[PDB]
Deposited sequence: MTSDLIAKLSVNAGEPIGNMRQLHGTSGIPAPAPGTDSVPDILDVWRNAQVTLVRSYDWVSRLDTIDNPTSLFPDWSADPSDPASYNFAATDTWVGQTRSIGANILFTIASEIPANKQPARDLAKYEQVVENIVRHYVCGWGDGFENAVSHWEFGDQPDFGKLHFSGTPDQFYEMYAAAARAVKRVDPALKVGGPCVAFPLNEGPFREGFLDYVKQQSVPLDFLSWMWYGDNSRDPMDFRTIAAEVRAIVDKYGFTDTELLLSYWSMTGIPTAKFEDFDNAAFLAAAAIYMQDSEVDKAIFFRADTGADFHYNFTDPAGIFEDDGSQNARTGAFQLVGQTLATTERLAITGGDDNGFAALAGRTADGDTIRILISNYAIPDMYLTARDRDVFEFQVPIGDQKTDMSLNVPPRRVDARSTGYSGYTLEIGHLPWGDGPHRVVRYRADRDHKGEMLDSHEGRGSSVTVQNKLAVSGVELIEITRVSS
């Protein structure tokens, strides 16, 4: 029995906690998409802070399409009646009602249609009034509902998401950026959602070169990463460092890095245990808290019901019927930890999958200590002959060298000493929540005590996630 030894100083912040708990997916029914469960309250309890809109039925299709935001491209682009906002309005309102911001992805109806825009001038006008609808109340719209506007989704994923040329993609990006900034310079615009971020190409170097040479705004560079071929929660930090270096190389030192998709698996035939995945995503969140990632979108916090490809994506962490499990439990405990504002020092975790993170709320009355015990499986600790991952859709991408020395320490439990509780030595409450092979994030036990220090110990086998919550008792 190997027992990890953790210590937290609860009385002094080391710095600000960074709110990286973004996600994508459909949280509740909307007109025309009413078959999905209502899980919006779970997003609220998880303290989701950012929602990518791409998986909604909220596409700006480049041909005529009833479900598109502009369904008839012959219609008057100045008339609100020409726009189809109803379902998107519902999802925007749902997202704002839980206090989350929106990353609105401007994209065609992938995969049914990936053609570029036929009429760039009209495309630009239509993008601008979509923005005005969600930012300036245009056409019975919202005020300041969408802070981030993304153009693109995996243009380098073969021709499966974009069938135009790179030049056509770049001009479309510039039109969208012009329209967003014309509505409100304070809005953030970016792209292109690189699918293969360690691969040179027209949508990495060629995209950065274009926005530089043509002086196009780029508030964030967006990209994706999945753990399919590593199962290593460290990957997101590793990739972000490399992306940061390439973006800086083009002079874009103020541009943020936005992780538009991240998941243990992104291959639609991937197989995994619920509890392994839960521990992975908690460890990944902890590791990327110290990284070049500035904003992150977990893929995907719903049932995986995909109304574009018309299947159930296994990356959807909820059960088909909306019910909960270890993944949804870990998702909530992570978000609650990331919602603290003052990060606290925790010492004794490691970089081989026993990840720990501590923080306290702004009012000082709640300490949260998040612990994931995750083990990279043995078969993923073998170095590859060649650091390229090949998969069927036949495609290939560059992957980082595997961390062959990152085998789990194999802890079976932990003891945790929290000192200097900030409200003093009076009454406090200790509550523990667990997501593992037997639990879905619910509370396991609790007690009340006194003193400015508290010691907590538990068995916590690999593939388990635990949240320790310490509160002042009134």
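Legend entry - Missing C-alpha runs, given along the deposited sequence, first residue counted as 1: Comparing the full sequence with the modelled residues, the uncovered ranges come out as 1-3, 397-403, 485.
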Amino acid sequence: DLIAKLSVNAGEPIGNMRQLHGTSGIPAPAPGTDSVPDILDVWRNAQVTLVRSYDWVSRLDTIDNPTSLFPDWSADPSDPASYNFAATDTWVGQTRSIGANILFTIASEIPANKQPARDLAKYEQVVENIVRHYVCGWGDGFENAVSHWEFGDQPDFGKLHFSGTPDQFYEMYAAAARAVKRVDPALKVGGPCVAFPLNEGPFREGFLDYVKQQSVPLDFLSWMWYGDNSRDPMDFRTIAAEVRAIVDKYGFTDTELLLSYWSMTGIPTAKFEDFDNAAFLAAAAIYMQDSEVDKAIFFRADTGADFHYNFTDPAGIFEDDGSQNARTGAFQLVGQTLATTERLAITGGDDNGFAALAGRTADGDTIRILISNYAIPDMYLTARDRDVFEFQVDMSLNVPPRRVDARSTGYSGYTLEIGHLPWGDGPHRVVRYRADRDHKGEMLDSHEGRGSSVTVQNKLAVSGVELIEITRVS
From here on, numbers count along this sequence of modelled residues.
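Legend entry - Average Cα temperature factor in the PDB entry - higher stretch of 335-343, 114-122: Result: 114-122.
Inset, instruction - Identify the stretch, either 19-27 or 451-459, whose C-alpha atoms have the larger mean B-factor according to the entry. - result: On average, C-alpha B-factors are higher across 451-459.
Legend entry - Maximum C-alpha temperature factor, selected from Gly93, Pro71, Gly251, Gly99: Going by the entry's C-alpha B-factors, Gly251 comes out highest.
Inset, instruction - Could you check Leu416, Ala46, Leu444, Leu60 and tell me which one carries the biggest Cα B-factor in the deposited entry? - result: Most elevated C-alpha B-factor of the set, per the entry: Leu444.
Inset, instruction - Going by the recorded CA B-factors, say which third of the chain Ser260 sits in, lowest, middle or highest. - result: Its C-alpha B-factor, which the entry lists for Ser260, ranks in the lowest third among residues of this chain.
Legend entry - Ranked C-alpha temperature factor of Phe203 among modelled chain residues, by third: For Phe203, whose C-alpha B-factor we compare with every modelled residue in the chain, the answer is the highest third.
Inset, instruction - Classify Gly191 as lowest, middle or highest third according to the C-alpha B-factor given in the PDB entry, relative to its own chain. - result: For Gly191, the deposited C-alpha B-factor lands in the lowest third.
Inset, instruction - Compare the C-alpha B factor of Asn398 with those of the other modelled residues in its chain, then answer lowest, middle or highest third. - result: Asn398: CA B-factor falls in the highest third of its chain.
Inset, instruction - Select lowest, middle or highest to describe the third in which the CA B-factor of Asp79 falls within its chain in this entry. - result: According to the entry, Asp79 has a C-alpha B-factor in the chain's highest third.
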